[PDB]
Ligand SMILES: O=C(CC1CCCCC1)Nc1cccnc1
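One chain is shown next in structure tokens, namely the form deposited without the named molecule.
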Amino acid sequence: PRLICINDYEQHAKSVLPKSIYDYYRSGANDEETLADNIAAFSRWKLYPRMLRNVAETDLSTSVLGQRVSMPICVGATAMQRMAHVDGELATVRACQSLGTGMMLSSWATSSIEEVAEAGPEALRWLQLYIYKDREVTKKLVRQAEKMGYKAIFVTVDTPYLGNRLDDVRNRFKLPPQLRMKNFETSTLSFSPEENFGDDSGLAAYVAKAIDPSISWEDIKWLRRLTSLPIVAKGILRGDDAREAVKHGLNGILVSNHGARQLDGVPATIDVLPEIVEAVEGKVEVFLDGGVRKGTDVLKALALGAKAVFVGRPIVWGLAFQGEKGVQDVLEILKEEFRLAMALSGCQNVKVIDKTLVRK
């Protein structure tokens, strides 16, 4: 089928993925108020384009944490990508390498840190880290990322417990039989579908067993001493927490509500972005994810002070359509929509995308 925008990809994915996998990928937490809002909020921000600016030569390039990227549109961590396509994370990293953009690799990937570095050696790669109760497991992940040429750690800070995703509970979500979380060396930590993970969501049970709910700023201190790699706090929604991340010597904030999958009824990320940008006082790069579907979404986040955005679900739908090629298609669609959004708004490059371009 001919798919020409991101929404087309989701629709096709629903038609070809088994229910429990589609549901895992699509779902938000509880009543999914924030899931709807992540998208609605973008529509409330209106664009005020400048005309007659000469946009013959639009340059989409930028940098994330000192590393050059082809566009301010990067791949966010989405667990267990092999459920969507046999090649999962390997397909994803290859598409990123082709595009000249970065991939943030989930700690719960169905491919190892090493496997991913092998498949995309020239690709900009970062590790998304969950703090395990077992700090040696956690340390190993970080050390492996450093060894394998990953350029930053995105530490997820909004997941002391898993959000309650109703469909996952109903479907008793678990990995397909042939698949594992490939970063780990035990049946429990690798999320083996042959393992006892209770009678509800397998993933919620996995988090409860493996992930540390006691995670504090002290643990951020530990992490900051552990690695000299740039560290981004992922999942911040408040200006005071943002300032705290900066105080702790962190190098960035990813304004995120975990794609509306954690606490439901939190605001849309585009709505909190300005408070966070203001709080940080230019001291650290601020990124956004959550509900990015169109070039104009990217334009709005940048106008509001974000350095770059990350996409979660669109990538998984790309994979579901055609693995590597599907992901490349999705990224190219976003790139082209962004170029056009830039051109029609009078922006020659990302440096001239200013706050007067948007109003709520």
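Each residue number is its position in the shown sequence, starting from 1. We call the rigid core the largest set of C-alpha positions that still match within 1.5 Å between the two forms.
Item to check | Which of 205 to 213 and 155 to 163 lies farther from this form in 8 other deposited structures of this protein, as RMS of C-alpha positions after a rigid core fit | outcome: Of the two stretches, the larger average C-alpha offset in 8 other deposited structures of this protein falls on 205 to 213.
Checklist entry - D200: absent from a third or more of the other PDB entries compared? => result Across the other compared entries, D200 is absent from at least a third.
Item to check | Unmodelled in at least a third of other entries of this protein, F191 | outcome: Affirmative; at least a third of those entries omit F191.
Item to check | Greater mean Cα temperature factor according to the PDB record, 119 to 127 or 242 to 250 | outcome: Comparing 242 to 250 with 119 to 127, the higher mean C-alpha B-factor belongs to 119 to 127.
Checklist entry - If you average the CA temperature factors over each stretch, which comes out higher, 180 to 188 or 154 to 162? => result That would be 180 to 188.
Next on the checklist: Looking at the C-alpha B-factor values in the deposited entry, which of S256, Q262, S111, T92 comes out highest?
Outcome noted: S111 has the highest C-alpha B-factor of those listed.
Checklist entry - Which of these, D87, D271, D134, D289, has its C-alpha atom at the highest B-factor, as the entry lists it? => result Of the options given, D87 has the highest CA B-factor in the PDB entry.
Checklist entry - Going by what the PDB entry lists, where does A343 fall on CA B-factor within its chain: lowest, middle or highest third? => result It falls in the bottom third of the chain.
Checklist entry - Mind checking which third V277 falls in for C-alpha B-factor across the chain? => result It falls in the bottom third of the chain.
Next on the checklist: Where does the C-alpha B-factor of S20 rank in its chain, lowest, middle or highest third?
Outcome noted: As the PDB entry reports it, the C-alpha B-factor of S20 lands in the middle third of its chain.
Item to check | Third of the chain, ranked by Cα B-factor, where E285 sits | outcome: Middle third of the chain for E285's C-alpha B-factor.
Checklist entry - Can you tell me which third, lowest, middle or highest, the CA B-factor of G100 falls into for its chain? => result CA B-factor rank for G100: middle third.
As for the form solved in complex with the named molecule, it is not shown, yet the points below apply to it.
Checklist entry - Since exactly one of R94, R224, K151, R243 fits, which has a heavy atom within 4.5 Å of the named molecule in the entry with it bound? => result None of the others qualify; the residue that does is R224.
Checklist entry - Closest heavy atom of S228 to the named molecule in the entry with it bound, within 4.5 Å or not? => result It does: once the named molecule is placed as it appears in the entry with it bound, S228 has a heavy atom within 4.5 Å of it.
Checklist entry - the named molecule isn't shown here, but in the entry with it bound, which of 275 to 283, 216 to 224, 95 to 103, 117 to 125 has heavy atoms within 4.5 Å of it? => result In the other structure, the partner sits against 216 to 224.
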